[PDB]
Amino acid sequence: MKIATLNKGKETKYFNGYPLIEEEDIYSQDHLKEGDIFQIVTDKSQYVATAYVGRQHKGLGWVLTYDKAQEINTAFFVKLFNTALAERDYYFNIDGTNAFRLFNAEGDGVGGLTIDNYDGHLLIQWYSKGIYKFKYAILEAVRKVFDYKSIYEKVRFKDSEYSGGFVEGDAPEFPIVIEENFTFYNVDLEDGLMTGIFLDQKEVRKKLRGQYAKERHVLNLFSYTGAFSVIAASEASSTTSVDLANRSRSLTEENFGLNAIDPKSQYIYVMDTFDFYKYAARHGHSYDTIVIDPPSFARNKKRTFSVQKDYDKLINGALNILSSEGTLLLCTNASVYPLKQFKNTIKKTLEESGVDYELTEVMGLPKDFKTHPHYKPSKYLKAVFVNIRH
């Protein structure tokens, strides 16, 4: 019923499957409000696609269907969910992992919607008021497609007093313990934005232990809950974790504890990564593997970090405490920060330092985090293993 018209010469990407309706690409007189279903049409009134309104950035909403006759109802989501579920048969068949993503937004057909499986406890995240409107229809479909002990939610958009919490089912006591790569972690689906682990780094964590941990001093910067450290510690001589947040210490200790690792056999520091570079370098400390996985942006009073602008500083600091033979695991999650450009920054920085280097591995989102083949920013994870000689 409601219509948005494409600007001339902007049709083609949309005809070819581009899922994000860009504000700059369309105009409408139909008063598009969050929640609204609308059709995109060319200047010559050809139907292009059906989308829903959910603004983020320069974005109006997301394409949902190319079938004019398809109504956006429970049966609609039931179909996407079954397809999403079927594409994850591997995660149901593997030992050692009971937590993974079931539905990854636009990669699975609905931008702004994610569903995670934390050992039977589902976490649904909504990235706009727009997609929230469909909560009832979506929940009915969840009930029709998925098995679960409970359902939690989080609202991942501004100006909502309600933040999320328990939805239905049998509520557990948090933290609950999940398993991934035969490694145990605490999770809390009801406390602040983050759950205690980032599932998208499942395979990166595996590789770190498998290939870059044995008998090494492993440094983990911006450690959060110490997940990288926890898994690497079964192989490393010892790990060192560094995070600015007070909580990180006890949370990290506890994760070590779940895996039969004495926290006292590991090093855990609460401080700014950049301060740690100094302290480590002043005490002549060296590490064989340095994991760097910072937030895209962070602020500490006056002090700010931007992944875009400050990554060279991260690399130079690590190098000054990396062993002659050593590996850097350089990661980001910033969708705005494309792999090409990330690799460029890494290369430039390393070339400037005069060290010998080799990008040995480049990893992206795992399969449970299905990306969209016509939307490049969906591929937001970059993890680059770099072997160093200096």
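Quick note: we count residues from 1 along the sequence shown, nothing fancier.
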{"query": "Selected stretch [higher average CA B-factor]: 119-127 or 75-83", "finding": "75-83"}
{"query": "Mean C-alpha B-factor comparison - 160-168 and 291-299, higher one", "finding": "160-168"}
{"query": "Candidate set 268, 258, 94, 110 [ranked by C-alpha B-factor, highest]", "finding": "94"}
{"query": "Peak C-alpha temperature factor (PDB record), options 345, 28, 39, 65", "finding": "28"}
{"query": "Ranked against its chain, the third holding the CA B-factor of residue 328", "finding": "lowest"}
{"query": "B-factor third for the C-alpha atom of residue 306 within its chain", "finding": "highest"}
{"query": "Chain-relative CA temperature factor third for residue 225", "finding": "lowest"}
{"query": "Assigned third (lowest, middle, highest) for the C-alpha B factor of residue 10", "finding": "highest"}
{"query": "Residue 363 - Cα temperature factor, lowest/middle/highest third of chain", "finding": "lowest"}
